[PDB]
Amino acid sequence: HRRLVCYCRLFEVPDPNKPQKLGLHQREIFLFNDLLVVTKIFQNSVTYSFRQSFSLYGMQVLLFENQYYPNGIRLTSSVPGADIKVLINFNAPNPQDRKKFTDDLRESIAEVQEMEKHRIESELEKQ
């Protein structure tokens, strides 16, 4: 039982230190209760398109602003025993969208953390 929490659009930013053309790397962003999916914008046709999906377990959201990306969002994966990975950087069209999306995202991260906690603790109680 999956549920869509937020649909929006964000520009992907492969390098938050370098400028890039306005409107480049636009993405359809689908935030579900237990997944984040990123894909190319939508054109009819039957095509094979690119699809980044990210687990919400261990995901952290960092808000950032610089002269080239005034509505930054950096997503990283941080789990016990591993190096922190940078998953993807975005820039939102406006801060309203930024606030909104990242707020929904954190909430959904917290939901996944607690479900996974209960699962892990439940397994241990079996043994």
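Numbers follow the displayed sequence, beginning with 1.
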property: Missing from the model but present in the deposited sequence, between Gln43 and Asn44; result: 1 to 3
property: Mean Cα B-factor comparison, 32 to 40 or 93 to 101, giving the higher one as deposited; result: 93 to 101
property: Segment of higher mean CA temperature factor, 64 to 72 or 45 to 53; result: 45 to 53
property: Top Cα B factor in the deposited entry, candidates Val13, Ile109, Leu22, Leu10; result: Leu22
